[PDB]
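There are 6 protein chains.
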Amino acid sequence: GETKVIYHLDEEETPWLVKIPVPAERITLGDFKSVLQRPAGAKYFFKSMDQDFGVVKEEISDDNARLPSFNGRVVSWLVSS
Amino acid sequence: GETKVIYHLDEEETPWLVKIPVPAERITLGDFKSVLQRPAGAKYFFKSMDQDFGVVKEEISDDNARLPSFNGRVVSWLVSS
Amino acid sequence: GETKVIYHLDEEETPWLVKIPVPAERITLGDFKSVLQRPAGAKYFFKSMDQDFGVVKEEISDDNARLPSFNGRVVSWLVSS
Amino acid sequence: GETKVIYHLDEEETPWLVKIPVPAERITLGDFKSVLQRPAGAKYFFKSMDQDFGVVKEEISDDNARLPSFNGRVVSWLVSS
Amino acid sequence: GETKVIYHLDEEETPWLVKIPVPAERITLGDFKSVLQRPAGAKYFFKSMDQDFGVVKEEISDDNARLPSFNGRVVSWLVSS
Amino acid sequence: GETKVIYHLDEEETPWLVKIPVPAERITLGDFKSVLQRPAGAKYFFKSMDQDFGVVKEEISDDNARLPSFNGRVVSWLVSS
Numbered sequence: 308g309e310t311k312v313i314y315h316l317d318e319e320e321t322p323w324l325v326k327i328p329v330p331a332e333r334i335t336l337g338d339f340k341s342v343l344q345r346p347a348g349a350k351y352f353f354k355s356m357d358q359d360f361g362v363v364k365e366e367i368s369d370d371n372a373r374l375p376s377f378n379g380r381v382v383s384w385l386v387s388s
Numbered sequence: 308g309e310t311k312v313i314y315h316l317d318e319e320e321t322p323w324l325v326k327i328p329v330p331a332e333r334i335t336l337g338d339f340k341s342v343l344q345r346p347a348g349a350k351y352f353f354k355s356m357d358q359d360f361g362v363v364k365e366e367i368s369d370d371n372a373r374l375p376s377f378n379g380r381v382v383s384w385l386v387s388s
Numbered sequence: 308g309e310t311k312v313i314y315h316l317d318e319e320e321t322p323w324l325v326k327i328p329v330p331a332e333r334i335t336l337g338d339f340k341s342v343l344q345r346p347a348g349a350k351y352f353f354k355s356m357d358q359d360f361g362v363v364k365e366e367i368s369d370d371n372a373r374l375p376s377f378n379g380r381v382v383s384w385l386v387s388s
Numbered sequence: 308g309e310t311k312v313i314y315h316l317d318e319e320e321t322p323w324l325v326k327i328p329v330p331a332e333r334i335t336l337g338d339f340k341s342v343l344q345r346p347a348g349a350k351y352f353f354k355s356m357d358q359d360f361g362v363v364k365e366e367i368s369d370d371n372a373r374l375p376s377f378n379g380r381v382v383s384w385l386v387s388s
Numbered sequence: 308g309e310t311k312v313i314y315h316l317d318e319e320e321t322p323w324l325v326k327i328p329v330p331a332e333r334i335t336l337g338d339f340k341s342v343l344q345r346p347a348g349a350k351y352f353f354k355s356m357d358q359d360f361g362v363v364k365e366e367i368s369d370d371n372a373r374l375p376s377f378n379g380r381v382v383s384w385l386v387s388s
Numbered sequence: 308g309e310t311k312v313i314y315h316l317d318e319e320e321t322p323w324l325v326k327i328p329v330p331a332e333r334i335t336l337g338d339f340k341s342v343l344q345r346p347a348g349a350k351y352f353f354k355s356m357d358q359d360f361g362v363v364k365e366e367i368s369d370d371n372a373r374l375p376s377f378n379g380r381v382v383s384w385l386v387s388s
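Chains as they are written, first to last, in the numbering used here: chain A, 308 to 388; chain B, 308 to 388; chain C, 308 to 388; chain D, 308 to 388; chain E, 308 to 388; chain F, 308 to 388.
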């Protein structure tokens, strides 16, 4: 199983792409943070869905929390402290 | 207790969603600002009600002020300086 | 003393509400502009009265000019350049 | 010298009021358009008089043309394209 | 055959340029690491393309993996541990 | 003819300066290495230009290769093995 994570770092226009050997059905914030060099201090937002608002960027801070995905892809924005 | 805050940053079309572990009955602007990386300099507006105008976006600048909410959800627009 | 200003931005349906700590008897366009993030370039119109026409939207461009109000409330429309 | 211009925008019931620092004896369509944010594309009509019809709304398209007025007041209807 | 590799080291503004005597069609991460003094501990990202996102910086960790290139040039960012 | 070579040794902040009695138009990596006490094992990078990237640090490993210079000055970074 493999998940592609496309992530943006602060205001940088060019996104980063990492492939994590965990299937998207199981992938957690901790799995993502494990592949980042400096996971600390940042807030993590993920492309997700809200009933009223449609597409939103949802903050997830718990390493055990599952990440939202579409067709095996997670899209994230990092905001550094 | 938990409050969902859906917020817009300036003219960005896609909203952000954060969950704050304070019940909506007690949630304050300071509680919201505490979860933002850079709370300073911005003005904060919240979906609210006016007697004559109905739905409005109400500016709240005092950290001790309670935020308007509906069914545990706050909707906010941030305008940066 | 406090004045409530309900204002519309261009064609946006949902109005904004700000409370300004100046009594309505003294409030000026400059007082209003001081609480806007980007006061420049816009024209400001205020709910007012004309002898022949009744309710009108009156343009006020001078920061020292007093704003028309009713029961401590000013209603304004902003038109951006 | 000052001219008051009361103008209606398409079918909007509430008129707008602007004061232009040109005396009514000299005021031209261009003077009026100079104070509008988006003068283009619209047709401009002004309260005027016809010999047979009495009060009419007269179209004026030339910026150098003088505007009809009564006691320092011009009344106009704008029709957008 | 020769490949030019332009690489950035952490946050250093000035890039480094190395020429590797392997044609770009065959060049692998291991070929690049072989010319670095201290290849260990770092993560390696390469200018690449994603179907939805366009230009991205793609992490490649396997020495046997081919590097993306354009006209014989590879562009890389190194992030140290 | 004389070339000034300003060089940095690994992470040492303070650069070294040597003057080599060869004109900059002809100076080669071998000429530089001849004035170093321990030229072996190190990689040598030189301030240079790339069409797309502008200023870069270009690795040169061949003793017969000419060094890039500006106004008779070469700037180099050494990385030890």
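The beta carbon of each residue, even a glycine, is placed where N, CA and C say it ideally should be.
Taking the straight line between their C-alpha atoms, what separation do you get for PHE377 (chain E) and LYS350 (chain D)?
56 Å
Could you please tell me which residues of the stretch 325-342 of chain A, in chain order, have their CB closer than 9 Å to any CB of chain E?
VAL325, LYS326 and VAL342
Which residues in chain E have a C-beta closer than 7 Å to the C-beta of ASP370 (chain F)? List them in chain order.
Correct list: empty, because the minimum Cβ distance to chain E is about 16 Å.
For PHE352 (chain F), which residues does DSSP report across the bridge?
F:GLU366 and F:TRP384
Excluding five sequence neighbours on each side, which residues of the same chain lie with their C-beta closer than 8 Å to the C-beta of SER355 (chain A)?
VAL362, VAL363, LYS364, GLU365 and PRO375
Beta carbon of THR310 (chain D) nearer than 9 Å to that of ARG380 (chain D):
yes
Classify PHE360 (chain D) as buried or exposed, calling it buried when 16 or more other Cβ atoms lie within 10 Å of its own Cβ.
exposed
Would you list, in chain order, the members of the stretch 310-325 of chain E that have their beta-carbon closer than 8 Å to a beta-carbon of chain F?
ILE313, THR321, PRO322, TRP323, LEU324 and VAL325
Is any beta-carbon of chain A found at less than 9 Å from that of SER388 (chain E)?
yes
Excluding the 5 residues preceding and the 5 following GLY348 (chain C) in the sequence, name in chain order all residues of the same chain whose CB lies nearer than 6 Å to its CB.
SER388
Which of helix, strand or coil does DSSP assign to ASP357 (chain F)?
strand
Kindly indicate if chain D contains any beta-carbon less than 9 Å away from that of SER355 (chain C).
yes
Tell me where the alpha helix (DSSP H) around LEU316 (chain B) begins and ends.
No alpha helix (DSSP H) holds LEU316 (chain B); the beta strand (DSSP E) holding it covers 310-316.
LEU343 (chain D), DSSP secondary structure in three states:
coil
Quick check on the DSSP output: the beta strand (DSSP E) that includes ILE327 (chain F) runs from which residue to which?
323-327
Determine the chain B residues that contact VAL362 (chain A) at a beta-carbon separation under 7 Å, and present them in chain order.
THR321
If you measure between the beta carbons of residue 254 (chain A) and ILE367 (chain A), is that distance less than 9 Å?
Since the first residue of chain A shown is 308 and the last is 388, residue 254 (chain A) is not available in this structure.
Quick test of your reading: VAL325 (chain F) and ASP338 (chain F), contact by CB under 8 Å. State the CB separation rounded to the nearest angstrom.
So it is not a contact: roughly 10 Å between Cβ atoms.
Exposed unless 16 or more other CB atoms sit within 10 angstroms - verdict on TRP384 (chain B)
buried
When you compare each of D:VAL386, D:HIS315 and D:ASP370 to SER341 (chain D) by their alpha carbons, which one comes out closest?
D:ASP370
Using a Cβ cut-off of 9 Å (strictly closer), state whether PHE352 (chain E) contacts chain A.
yes
Can a CB atom of chain B be found closer than 9 Å to the CB of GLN358 (chain C)?
no
C-alpha gap between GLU332 (chain B) and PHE353 (chain B), whole angstroms
15 Å
Look at the Cβ atom of residue 392 (chain D), then the Cβ atom of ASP317 (chain D), and state whether they are nearer than 9 Å.
There is no way to answer for residue 392 (chain D), as the model of chain D reaches only from 308 to 388.
CA-CA distance, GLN344 (chain C) and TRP323 (chain C)?
13 Å
Among residues of its own chain, excluding the 5 on either side of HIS315 (chain D), which ones have a beta-carbon nearer than 8 Å to its beta-carbon?
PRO322, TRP323, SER383, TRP384 and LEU385
Is the beta carbon of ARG373 (chain E) sitting closer than 9 Å to the one on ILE327 (chain E)?
no
Got a sec? Which residues, its chain only, sit under 7 Å from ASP357 (chain B) by beta carbon, not counting five neighbours each side?
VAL363
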